[PDB]
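Note that the sequence shown covers residues 1 to 46 in PDB author numbering.
Beta carbons are placed, not taken as given, at the ideal position from N, Cα and C, and that holds for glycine.
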Amino acid sequence: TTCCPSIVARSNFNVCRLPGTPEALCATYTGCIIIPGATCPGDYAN
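This is the structure we're talking about:
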């Protein structure tokens, strides 16, 4: 599951992913985290 700290960070993550750049790297660049479970932590609810 991808979990982002802010709406703008989610927007940056979606932009970074558009050309195909790997989710793990886009998460690093934007501050989003990729976790194994279904429910995002409350500070990463966007």
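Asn46 to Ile7, Cα distance in whole Å? Counting from one through the sequence shown, the residue named residue 46 turns up at place 46. Counting from one through the sequence shown, the residue named residue 7 turns up at place 7. Cα to Cα, the separation comes out at about 6 Å.
Helix, strand or coil, according to DSSP, for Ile35 in the structure here? Here residue 35 corresponds to residue number 35 of the sequence shown, with the count starting at 1. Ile35 falls in the coil class under three-state DSSP.
Which of the three DSSP states is assigned to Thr21 in this structure? As a working note, residue 21 is residue 21 in the sequence shown. Coil.
Per DSSP, which one or two residues make a beta bridge with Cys3? To locate residue 3, count along the sequence shown from 1; it is residue 3. Note: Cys3 sits in a beta bridge opposite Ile33.
Helix, strand or coil for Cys26 per DSSP? On the sequence shown, residue 26 is found 26 positions in, with the first residue counted as 1. Three-state DSSP puts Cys26 in a helix.
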